[PDB]
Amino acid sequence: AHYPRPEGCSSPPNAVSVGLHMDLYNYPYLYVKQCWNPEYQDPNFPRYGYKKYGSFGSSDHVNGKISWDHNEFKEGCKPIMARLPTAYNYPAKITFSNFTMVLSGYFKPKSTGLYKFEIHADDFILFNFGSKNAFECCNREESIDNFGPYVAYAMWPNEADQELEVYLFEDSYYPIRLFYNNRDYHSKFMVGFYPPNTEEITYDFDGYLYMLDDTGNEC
C-alpha cells in the first residue's frame, strides 16, 4: 500500500543462473602486532575507496546460507585466517579479521507480498535493492558502483541492527547489492528476511538468489 515498492527485472529462464557474484578486497590494518584503519567510515569508501588496496578473490553462484557470526577470535589488531561459509564457493582462507566484500546479483521472491529484511553488522553492511537503487537490469558489472541512497546502513557499535520492508512481485528479479567490511577482530554479516505472513526470520536464501546475463538492454 504505502510500503516501498522497488523496480525489478524480467528474463527468460535460459538467461538466468543460480546465485550471486562476490568480489573480495584487501582492507589492511594501519599497523599489526587505533591499530585499525578508520577509512571504512569515509563517505567515499563505499563508492570508490573500497577498491584502493586491490582485490584478492572472487566467486560466483553464491547461494543459500550466506550469513556468519565469528566471535570466537581471541586477539584483536591482528590478521586472522579463516574460511567463508560453503555458500560462497571460495576455498581459500581469507583475512577474516580485516577485509571488504561486495556481493551482487538478483533476489527473486517466491511469492508476491511484503518482505521484511533484517541486517546485523560487525563492522559495516550496506544494503541496496532495486533497479533504481542497486544497479541496472542486465548491466550489473558496469553499473555496480552507481547505487543510490542506502536502503539500510548498519555500522558497529552504534547502528549495528537495521530493518526495512519492500513489497515484491513473484515474477520479478530484483537487483541486490550487499557491501560488507571488517576493520578488525570479530566479524558479523547477518542478512535475513521474513517472507509475507511469516513470523520467524530465515537466514537461508536458497531458491531466492539469481544472476541474469549482462545483455544490457534492460534484458
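Don't overthink the numbering: it's just position in the shown sequence, from 1.
In this entry, residue 33 is separated from residue 34 by 10 or more residues of the deposited sequence that have no coordinates. Checked against the record, the higher mean CA B factor of 117-125 and 72-80 lies with 72-80.
Higher mean CA temperature factor between 190-198 and 173-181: 190-198, per the PDB entry. If you compare the C-alpha temperature factors of 59, 26, 67, 158 in the entry, 158 comes out highest.
When the modelled residues of the chain are ordered by C-alpha B-factor, residue 43 sits in the highest third. When the CA B factors of the chain's modelled residues are split into thirds, the value for residue 16 lands in the highest one. Residue 91: CA B factor in the highest third of modelled residues in this chain (values from the PDB entry). In the deposited entry, the Cα temperature factor of residue 9 sits in the top third of values across the chain's modelled residues. Residue 136: CA B factor lies in the middle third for its chain, per the PDB record.
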